[PDB]
Amino acid sequence: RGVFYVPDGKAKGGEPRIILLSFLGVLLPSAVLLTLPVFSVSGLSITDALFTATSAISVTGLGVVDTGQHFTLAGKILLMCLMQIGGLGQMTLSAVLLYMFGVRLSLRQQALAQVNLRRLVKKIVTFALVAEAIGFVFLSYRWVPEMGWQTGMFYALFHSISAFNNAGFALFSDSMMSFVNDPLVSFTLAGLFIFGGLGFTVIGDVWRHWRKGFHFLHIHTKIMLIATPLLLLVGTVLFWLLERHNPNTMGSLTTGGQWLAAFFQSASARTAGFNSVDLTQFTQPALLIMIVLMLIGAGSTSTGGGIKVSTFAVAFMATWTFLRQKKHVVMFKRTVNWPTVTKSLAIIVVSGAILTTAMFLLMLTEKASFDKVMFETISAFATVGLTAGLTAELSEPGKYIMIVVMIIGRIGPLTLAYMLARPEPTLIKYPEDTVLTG
Amino acid sequence: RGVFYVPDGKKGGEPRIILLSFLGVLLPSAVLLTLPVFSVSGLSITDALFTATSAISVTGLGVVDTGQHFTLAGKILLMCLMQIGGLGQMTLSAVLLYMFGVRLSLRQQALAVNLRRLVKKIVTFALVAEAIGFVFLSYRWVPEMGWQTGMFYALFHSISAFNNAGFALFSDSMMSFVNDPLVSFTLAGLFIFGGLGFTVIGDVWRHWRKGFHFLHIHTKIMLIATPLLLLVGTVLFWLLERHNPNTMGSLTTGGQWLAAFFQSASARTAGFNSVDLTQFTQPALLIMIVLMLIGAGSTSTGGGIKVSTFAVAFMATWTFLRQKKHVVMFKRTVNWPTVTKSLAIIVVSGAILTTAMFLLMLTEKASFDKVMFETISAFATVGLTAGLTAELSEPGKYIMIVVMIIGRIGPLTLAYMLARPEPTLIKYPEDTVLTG
Amino acid sequence: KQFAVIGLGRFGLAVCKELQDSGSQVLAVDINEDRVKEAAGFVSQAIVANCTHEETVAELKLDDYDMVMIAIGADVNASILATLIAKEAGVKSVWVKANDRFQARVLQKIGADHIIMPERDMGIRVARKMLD
Amino acid sequence: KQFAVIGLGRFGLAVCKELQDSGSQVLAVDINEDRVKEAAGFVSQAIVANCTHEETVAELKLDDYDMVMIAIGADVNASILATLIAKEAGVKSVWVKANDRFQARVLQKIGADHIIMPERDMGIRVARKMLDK
Amino acid sequence: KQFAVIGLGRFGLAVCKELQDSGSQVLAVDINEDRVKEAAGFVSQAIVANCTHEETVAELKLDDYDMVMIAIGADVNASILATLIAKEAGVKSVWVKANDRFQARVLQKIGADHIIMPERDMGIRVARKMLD
Amino acid sequence: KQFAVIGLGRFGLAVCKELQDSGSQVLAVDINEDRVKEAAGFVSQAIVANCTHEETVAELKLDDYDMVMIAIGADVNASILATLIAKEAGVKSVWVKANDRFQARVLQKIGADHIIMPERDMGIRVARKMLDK
Amino acid sequence: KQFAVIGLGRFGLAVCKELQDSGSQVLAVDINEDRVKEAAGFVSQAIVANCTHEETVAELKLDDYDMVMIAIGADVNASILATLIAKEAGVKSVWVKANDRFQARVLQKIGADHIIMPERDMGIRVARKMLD
Amino acid sequence: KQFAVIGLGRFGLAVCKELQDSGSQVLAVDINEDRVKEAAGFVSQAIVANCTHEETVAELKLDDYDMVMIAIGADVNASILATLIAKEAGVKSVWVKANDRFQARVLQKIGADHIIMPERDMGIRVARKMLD
Amino acid sequence: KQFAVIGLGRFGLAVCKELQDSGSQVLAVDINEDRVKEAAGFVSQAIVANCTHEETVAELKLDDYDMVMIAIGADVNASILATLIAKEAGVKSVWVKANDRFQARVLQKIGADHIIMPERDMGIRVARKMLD
Amino acid sequence: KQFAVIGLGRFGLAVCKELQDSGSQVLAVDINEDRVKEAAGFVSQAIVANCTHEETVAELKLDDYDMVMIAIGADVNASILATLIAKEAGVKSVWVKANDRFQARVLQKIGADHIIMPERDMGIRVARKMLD
Ligand SMILES: Nc1ncnc2c1ncn2[C@@H]1O[C@H](COP(=O)(O)OP(=O)(O)O)[C@@H](O)[C@H]1O
Ligand SMILES: Nc1ncnc2c1ncn2[C@@H]1O[C@H](COP(=O)(O)OP(=O)(O)O)[C@@H](O)[C@H]1O
Ligand SMILES: Nc1ncnc2c1ncn2[C@@H]1O[C@H](COP(=O)(O)OP(=O)(O)O)[C@@H](O)[C@H]1O
Ligand SMILES: Nc1ncnc2c1ncn2[C@@H]1O[C@H](COP(=O)(O)OP(=O)(O)O)[C@@H](O)[C@H]1O
Ligand SMILES: [K+]
Ligand SMILES: [K+]
Ligand SMILES: [Mg+2]
Ligand SMILES: [Mg+2]
């Protein structure tokens, strides 16, 4: 309908400010709420409540305390709402900013030479509820007979929301450890964060243009529809190869159980948080592969992720273009322009710089092996929330650092994307000089 | 004089020159090292080729002891090989840069000092610096070891330090000289000057009278970053290791600072270790890994991604965070292709390092910190070991060899592939891909 | 009281400045964002919009405003089309800035309320001021 | 009263209309023969000439007229140069048309007696007329 | 039924739209990248290429396509060069838009199989419509 | 069968030639006399006149003609104005050729019965010939 | 003793060379980046900027500089407007290169302190040189 | 002190003016008659002629004059040719004006005694005036 | 036997193609790298060089080649300077391709052995071919 | 013995000179009044006209002349049009000058009997002179 906007006023991106205040505008009121003893059986410390509130809003799922026991029924519902706000809130907020970014692009194109925002938000909410509804009934098919009518629905509806939102919060002491060989819950959860971590743009593009075929889909949709099954396949096969002979975590399973555990871990590695198998007794070569999977994350307009799959895909094919010394980066017979290539490369290098300082700080505040420090830092930054045992023994300074890593990792790649999009214009430019690289 | 060239005929072609030069110098050295004239007991094909790769790539990593396993003929062979590695890499980079500048100038003319003297200046600088190091080291080693043994070790270690090779004739490299400042600064100055870059040395030589302001942007970046990197490395290593009993706890106040400075300077692709890295704490190991990655200057004897690449990446990140339109260093705009080159070098190096680390953890069974440290050391040409090189397997030796070869020539090769790619007559429409 | 100005060129910006000085609510609409920012501090509300698009004009309730100025001068076609959309949208009074006499014939004869050619009108008055 | 009009654009033709209908005698100057032919129908005297040349302006005897109008719109250089030549000739009163504020202040420095900027002036008066006062 | 349309102007896009809607795969070529973007949505494959260069046409593999349309209207010389190079490339059927009678006869002499003059043909057939 | 063609361009001559061969009475109007002489031997009556002048159109009596064809492409503003005059004169059917979609969208809101974009119309119509060759 | 040279043509580079060699720091400003790169070698600071924009001159802080040379030769409008903006920016001394006597009188009337006509001045001095 | 000036542009007119003011007999040659008429009042003798025409130069008897100015700026080729004819005729000292460094280098290498580049020389000397 | 041609345009490329097909070693030198690539296959040695520069011409030993062709057409000053530098360097025979009669006259005055006027020589030739 | 030359460039002037000096009668046709005046000093008949318009071509009756020479160099379209209309008129033998190979092959397709490329023909002939 009406394609227009009101300019902010007297020319730098204000969208990073919108994202930053939106996240801080909900974390602080949620933090003081968790201090009230109505939500916790015994009460939480200011640091513990802040860490829990950050993990719920970031939907990282990292817990300094046990979710199932330390929180009351009111607290469990409070956690339920927050992971709606963290996952669906970002998914809606990213879609709203993406919609408004295109509107400014469209009007500037008209000056030189689509549904409305309210309509778009309705589909985002509708998709989230219908997806969680499908997960709810399938999860209720098993848990209701086991635990009863009222407990069965609550656990089913809790985990349907958590899985779709990429939250990873589990009401059991061990996250999905009791369902290693159970396909119903393992696949119901898997589908929830696979499509939850797929992006509204991918779902929306497939919804509106599936009849024209795959060839006429958007470039971003084609990337996600190929890389996500490719990442799931390589994750499942490579986890299976490195863990089939380890007695501690996966060696005592059936042949079908071998692949179910391998697939579930790979699917949850891409920012879900559930772990069918134990990560403490999980071999180092498989730790690195999961670390890569956590970084690659989910889609751009999804419920969770680190750097997104499209960001990894562009840099991966930029490298292929560079080694074959092609002039343009090309996928699906489309040229990826250099600013997009710069955005993909800049996000990786900035994230790596943040990760290195965060990793360095943790080994100072707490004393543990480096393989544990790197794994925890990636999980907090990539918002996966998979732990390797260092989270339980975290110190007070370590909790503060991990809160900052969770906040920066949740908004960083999306915020740095928009800073690169609209830099402040300058009337004074300096001469260009060549700097030797290599 | 004459500014001209003959076109190749008919993609980037200097990567081919670099690759064929490296291979055609590596293979004869590997063939020679099998001969029992150079080794007292003889070397296996895998071990000999590993030694040849370490010598040509001037990594300095040793599957066998340098001082014992090699004879006098082999010891002289190592000197020639590490000369070839370091000085030949410097000279080849300078020649390729000269030819690139010639082509740039000719195309600029079309739109709108010669090579021989440049090579002579590179050799003259190397010999003068190596002679200064030789005399400074002979001032100490000759009295305590004899007239001809003293000169030989002094010359060998001057050659190794200037060329950033790190090969030492003692069983423990520089462990016996923790508190001795003469050899410490003599070696330190050699790979600081050797790793500074010939471009920086020449720019300071020819334009020091105009002042620092009128120097070239690369020279200013190096002259600011190298002292800054040395200072931050010294401070961090002193802070993180001054209470560890195994390395720096037992030393004196001056000795602790000397060891910290020496480790900070040698982490930048030199390879000498005054202190033991096996008993070295984890945060300091991460700091040293970062220092090895940052490396030495561009047209130098060092390795890894160069200091200028890291500086451009840092300033580009600062510009992105402040949302400035242009990356500006010393009141000069760094064009977007240079930023893209720096970021691409970092990303490609990271991907190669990840694959190499996964392969090493597959073939070899060791903790992640050891494997990651060894991979960074091999790729960055530094050659500092954490106890994993001695326990390598044969596939591990092959993987480490490949990492050494790719690390020594990679960043310069990836820089020159971006320098002038294949032109295309067919272009596809541009489409937007969501990032972040 | 409430005024709408479409096109924020030399003529459009001048209209907005006086309308704000008299304490009136003025709406500035322009296709180019850069020009909207210049007039942002001189109007009550500043919107970047395309008044050639019929649905965009529908959302911005121009029929509620008492007077509407179409101050587009460069494109003869855009000014004619914007005027015709405004009339069918329900605007009672539409004032149009015309750069040439040929356009002024079309705009008046399709139903524009007032026709303004800046170059001609000062041509009359400058002569009158010289006469007396 | 005798008036001189330099430039025969939309502004100059309107000035010629009003002045001729007011009973005065005017002289019209333009460089394009197409515009002067249209103006020759009603003006007292129509001459094709360039007003940026000193000798041509001297031949026209601009000093006789009490009011001289310059209506060169597109070429800012031509407008400034013609104003300077007219002032140096010794015409008592100069009125010049300006398109932007920079040209306006340049003409102010030159010494044009009155400067008319049609776009902003019509903006002002149209706003006043909308305000009904 | 593979088609190649060279020039994606007002005439070219309509040909591409109709051909693609009729179930056939077409190739769109244009030197203006921004105009290639518009056609890239509904065309099987779109390419930014200059068809007046022989090697570019060789890389395009126009010989494989059954029929090639050149819809270059403004640049007469570009249309002549594209038609000539397409004939040397070995296209079986070549269709060329003509804006002038001299251009049409020159194209006929070169070897263009079908020559379309949109103004003249549209005038003839609109006259036929007005007759009936 | 009474017809009138306004604007003797490339499209105008094509309409005039084909329509006359059928045996219908046609009026050719064009501002340029030279193109009228070229169409003199292909039309029954041709008059050199301007159809954007309101008084001239009344003399031509376009109301008697069953169809009027406005084929002015160079001046889009003249095409819009000429369409209004024919509608005011009482012509039942007005056919106007449009070069651009922006001009066409104006013309539809005017009330022109048929809008002809020759380049786009040949786009489908030539392409359909490609399918069945 | 700081100088600012606006315009880096043949005259501007010569002024910058002779000023820098005398031990004084100068600022070089030009819209052509190639000429700024040329001057960047020997000039204390070189800036790619448009001096006909009033905001660009304001952040350049030309008021701090003791004397400002405007050496724009080809574009008369650029020279006139740069001189006007420099004077309105409250700079003490303005030197302008003029290519014509009509430009010279205009620049004098604006308020340029000293006006340089190269062809006339060089002609006078060469004629004087012939005498001795 | 007998002198000749070839070409009556701005530089040539300035040279003739100052040299007549100094009180010396001069002869001025220019291909355009109007500038000859303009300079006739000032110069001692002014003849309309082309100095790229060898027999005309021979008639002019340029070898009598101690110094000659060739001040042709627009046509570099004409300036070089005039310098060659002046040198061949036997002029003891020839001074020629050059607009570009390439023309100056050609003129020096062919044997011009003095090369005048108005923009650069004014550059250095205006800067020197700036110092003091 | 040994030929050197400077400038690889239409004239120079044809010279290379005929001379090499004749069976002699020819040196093709051009400042633009693309033209050198195009002519590289035909000629024995192809060099990208600037023959405007004296040191480059000295390094490329043109004094031993039997005959040297200067085939720059666009730039008159570049062609004159290349010819004069080649004569200074000791080339026995220099043939120059000239585009204008003034350029041909200047080159003849310089001392170039052979002057080639492309369209003029075709003028006489084709006239004679028509006559007989 | 009667010849017609279309286009009065340097090639056309040279061919007219040689044809006249051989005693033939030539007609010189061109669009520029200055060049046709320059030819009129020596041509039997000089007419200023555009040869791309059919009516003038019929009026001056090219068909009478046995040989017609078309020397339009700068405009490729003008040369193509002149050749096409000349062949349409019914002149037995047409000679046309082509600047590049694409123009030459288009002319060959049109029907020009002899095609002259001065640059390449000079290339071959000077190479032959170089050989012996
Ligand atoms: N140097 C000049 N001397 C006299 N008349 C001029 C000169 N330059 C331009 N003119 C005339 O002044 C008229 C101004 O037209 P224009 O610049 O389009 O403004 P407008 O037509 O809106 O008044 C032109 O028609 C032109 O012929
Ligand atoms: N040499 C060429 N090769 C390929 N495409 C071309 C070439 N020259 C022009 N074109 C394209 O042909 C299209 C024809 O557009 P235009 O000439 O405006 O005619 P129309 O009126 O049909 O748009 C242009 O958009 C242009 O990009
Ligand atoms: N608006 C402007 N702001 C700043 N510099 C300008 C502007 N316009 C032109 N210049 C510069 O002034 C210089 C004068 O140009 P030019 O006439 O080539 O100098 P010269 O008189 O030496 O030939 C140009 O190099 C141009 O880059
Ligand atoms: N349509 C035309 N009719 C007649 N003569 C023309 C036409 N177009 C160009 N010419 C003439 O052809 C001549 C060739 O021009 P040009 O290429 O500059 O010279 P040359 O062909 O000698 O290099 C010009 O003098 C021009 O006047
Ligand atoms: K999670
Ligand atoms: K080393
Ligand atoms: Mg050329
Ligand atoms: Mg010519």
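The numbers used for chain I are those of Swiss-Prot, and the residues that appear cover 6-137, in sequence.
Using the three backbone atoms N, Cα and C, a Cβ is placed for every residue, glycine included.
What Swiss-Prot lists as ATP binding site is I:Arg15, I:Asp35, I:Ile36, I:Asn37, I:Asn55, I:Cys56, I:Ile77, I:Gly78, I:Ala79, I:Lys102, I:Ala103, I:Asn104, I:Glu124, and the listing cites similarity to another entry.
A map of Swiss-Prot features onto the structure.
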residue	record	Cβ neighbours (10 Å)
I:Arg15	ATP binding site	20
I:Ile36	ATP binding site	23
I:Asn55	ATP binding site	21
I:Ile77	ATP binding site	27
I:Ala79	ATP binding site	9
I:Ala103	ATP binding site	25
I:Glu124	ATP binding site	23
Listed binding-site residues adjacent to ligand 7, that is, members of I:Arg15, I:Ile36, I:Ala103, I:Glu124 whose C-beta is under 6 A away: none
Longest CA-CA distance among I:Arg15, I:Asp35, I:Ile36, I:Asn37, I:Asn55, I:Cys56, I:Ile77, I:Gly78, I:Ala79, I:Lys102, I:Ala103, I:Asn104, I:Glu124, per record bound to ATP, angstrom: 26
Chain J neighbours, restricted to the binding-site residues I:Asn55, I:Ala79, I:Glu124, by C-beta under 8 angstroms: I:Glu124
Binding-site residues among I:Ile36, I:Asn55, I:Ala103 whose Cβ lies under 8 Å from any chain B Cβ: I:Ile36, I:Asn55
Where I:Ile77 (ATP binding site) sits in the secondary structure, as DSSP reduces it to three classes: coil
